[PDB]
């Protein structure tokens, strides 16, 4: 007899590409990819995941906490992973702010980029020695404090000129010192209050537009206040007010001072943020439901199976499948053969 070596012949619906034979049918393949499905976001496996800056500060937004709004200070957990759930963060209380006149909205999103976040315990500027005649510290019903008395943002001080100081001033300069610990970044919150012509006179003894200038790390910022005719109160406590505040932040790297040149209406920085380390940040939504190997901006919570995946590429953190352009398959069989005649 004649004994020969031969290869099988079966159904060959799968196709893979080769270097020297082009596309060939094969009897079997191992899929290397899947197209993931959209899910709720979740906690990253093996890593505490930050959502709200202050989880236990109820009825407080991230921006509220960042500005040091009364009732909104609590334990701020460190996290190596943070979810950016507000592309344009909003306030929900305290004195009415004209947010879009500065970069202030992004402040809490700046903070969540750090692993560790804490508010300073001492003030960065002493209101009783601050330039521009003698001051008293003003408060508002819009900002009720921890003992339910009238207060203000703990990050700032609404200084009012004393009765013997109701007068216009030349722009004075205060130096903002670096008071944070080894390695920490200091984020200084400040701003200025403005009002209609009448209230300006009562509060400051000047109803002309006031000018404010900040300088830190080679960045200079200039503002000129507005006298009356403000846009309506929004994202605030809800108590009707004739005036508006403008709020800004100022980043001070380790051992770096900043300066604020100001006139009337100044909100001097008090408590400042001290932040260190880096937190990995991706876009997402709240609440975080369950646990996952990988957080994906398009698919949310996602567990890893196949080594690769197809579909919408986006930012992703954790134990993730690697994005590929096409559904790759590993050959697990033989190139198609017609039945032997």
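Residue numbers count along the first chain shown, from 1.
According to the PDB record, 226-234 carries the higher mean C-alpha B-factor of the two stretches 226-234 and 78-86. Per the PDB record, of the two stretches 309-317 and 45-53, 45-53 carries the greater mean B-factor over its C-alpha atoms. Among 145, 263, 257, 213, the highest C-alpha B-factor in the deposited entry belongs to 145. Out of 19, 330, 15, 324, it is 15 whose C-alpha atom has the highest B-factor in the PDB entry. In this PDB entry, residue 5 carries a Cα temperature factor that places it within the middle third of its chain's modelled residues. When the modelled residues of the chain are ordered by their C-alpha B factor, residue 135 lands in the middle third. Ranked by C-alpha B-factor against the other modelled residues of its chain, residue 182 falls in the highest third. In this PDB entry, residue 279 carries a Cα temperature factor that places it within the lowest third of its chain's modelled residues. Annotation for residue 294: CA B-factor lies in the lowest third of the chain's modelled residues.
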